[PDB]
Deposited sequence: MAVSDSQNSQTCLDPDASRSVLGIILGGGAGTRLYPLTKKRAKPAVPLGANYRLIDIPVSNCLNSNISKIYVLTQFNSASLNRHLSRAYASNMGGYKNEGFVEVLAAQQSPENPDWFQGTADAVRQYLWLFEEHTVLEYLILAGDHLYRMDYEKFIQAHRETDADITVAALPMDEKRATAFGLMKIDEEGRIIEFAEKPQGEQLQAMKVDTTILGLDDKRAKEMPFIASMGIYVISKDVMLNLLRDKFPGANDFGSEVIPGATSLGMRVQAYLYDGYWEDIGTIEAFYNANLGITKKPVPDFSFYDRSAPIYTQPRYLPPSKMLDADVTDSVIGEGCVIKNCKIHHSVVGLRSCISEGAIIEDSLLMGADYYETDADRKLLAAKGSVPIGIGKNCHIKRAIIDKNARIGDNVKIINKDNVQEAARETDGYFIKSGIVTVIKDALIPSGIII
């Protein structure tokens, strides 16, 4: 394991509506995660921990907030972390189109490979072993691959490789007879019969190492009309007989690109005796903006199976199987269950409270005697007293933006900065 030239100067990292309404009024890479983070911290941290310092973040539109976070957490710390926006304002586009739109600029860098990191996932990876496999196999394109169960199988592009890991057959989210014809022996990649039997597939993780020249050729010369890397470029590449290599990844990897997946993965960090995924790691930790928030205060909290973010201010309440984000105010008598509180971007001066109260408005936080269950409370929500978010009738889907929320997969998501009046029941 020893890249040469090191990744620092020869690899350009490129990070690329199912999360509605967390993306209603913010850039998607900025969506808060794990109490003290944002989605963008996963790929940016993995790069930095893998000695990759040249990072472009492709996104739909610029955001002062996103920039502030990137600037304060990384940019001010040879490298760079720059945002490239697709349009000039916030009023769809494929993975291949996103990269093609800026190819002209990526080509301006003197690098050997492009490390393409698409989609939103929870995982820690040392991209150096990825880049190394790519260079040792003289690959044109290398795809990180994960052992998949027949279950989730058709939701990912699947592949078959030779004893070298060279991809010989790629089949996008196949089904029926082809979903069966792709099934391969997952022992050759180390796994054992037991689980080689439960996960009989090699699935693309949607991240790739692609040789500089190969990229230009593929996106502009060979497949100028392709929109997706997964379903068009990769397949295209293989049919042209290019060297498409597979790199077996064997750690935790969760898609959090949908409300329910996001929800589940966030609450998974509360698991014992070890979280599913650990943001902290002595060697490769996930970073974020340093904030100097004070230690969390708890007046009288019975907390079970939960994690508490930075600088929370909690009264007498009950918190169960939840994630409480930074700067969360939880008032007297609240009960928090199986929920993700994203917290707040600032504190209200208390004096501020006794003022909003006079006006009959509600302050940031979970109001008194609230009952929040199976929910996502986005940043700065103002939940009035006696609000009950329980969705008794187990409604699966409901678009209620006007009332401050949106239900997806039965999970109620209160919108950023929304006010849920006192007494409301959802």
**Study point:** Deposited positions lacking CA coordinates
**Key:** 1 to 10, 27 to 31, 93 to 98, 113 to 116
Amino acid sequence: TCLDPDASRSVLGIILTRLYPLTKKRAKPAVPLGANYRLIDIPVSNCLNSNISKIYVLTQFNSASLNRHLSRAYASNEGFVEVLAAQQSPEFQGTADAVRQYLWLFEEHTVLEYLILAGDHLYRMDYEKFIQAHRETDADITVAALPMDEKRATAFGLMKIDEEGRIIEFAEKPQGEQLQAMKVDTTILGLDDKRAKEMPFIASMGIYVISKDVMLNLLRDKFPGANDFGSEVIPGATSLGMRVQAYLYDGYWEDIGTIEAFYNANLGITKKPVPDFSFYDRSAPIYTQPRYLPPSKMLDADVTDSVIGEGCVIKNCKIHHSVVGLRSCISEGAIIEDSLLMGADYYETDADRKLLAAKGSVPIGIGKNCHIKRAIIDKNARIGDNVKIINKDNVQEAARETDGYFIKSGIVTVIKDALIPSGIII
From here on, numbers count along this sequence of modelled residues.
Point to revise | Of 225 to 233 and 263 to 271, the one with larger mean CA B-factor | key: 225 to 233
Exercise for review: May I ask you to compare 146 to 154 and 210 to 218 by their mean CA B factor in the entry and name the higher one?
Suggested key: 146 to 154
Check your understanding: Highest CA temperature factor in the entry: which of 92, 347, 114, 292?
Key -> 92
Review point. Among 324, 299, 199, 84, which carries the highest Cα B-factor?
Key: 199
Exercise for review: Pull the Cα B-factor of residue 36 out of the PDB entry and bin it into the chain's lowest, middle or highest third.
Suggested key: lowest
Practice item. Rank-wise, by C-alpha B-factor, drop residue 247 into the lowest, middle or highest third of its chain. Key: middle
Practice item. Comparing against every modelled residue in the chain, figure out the third that the C-alpha B-factor of residue 318 lands in (lowest, middle or highest). Key: lowest
Practice item. Report the third (lowest, middle or highest) to which the CA temperature factor of residue 45 belongs, ranking only the modelled residues of the same chain. Key: lowest
Exercise for review: Divide the modelled residues of the chain into thirds by Cα B-factor and specify which third, lowest, middle or highest, holds residue 126.
Suggested key: middle
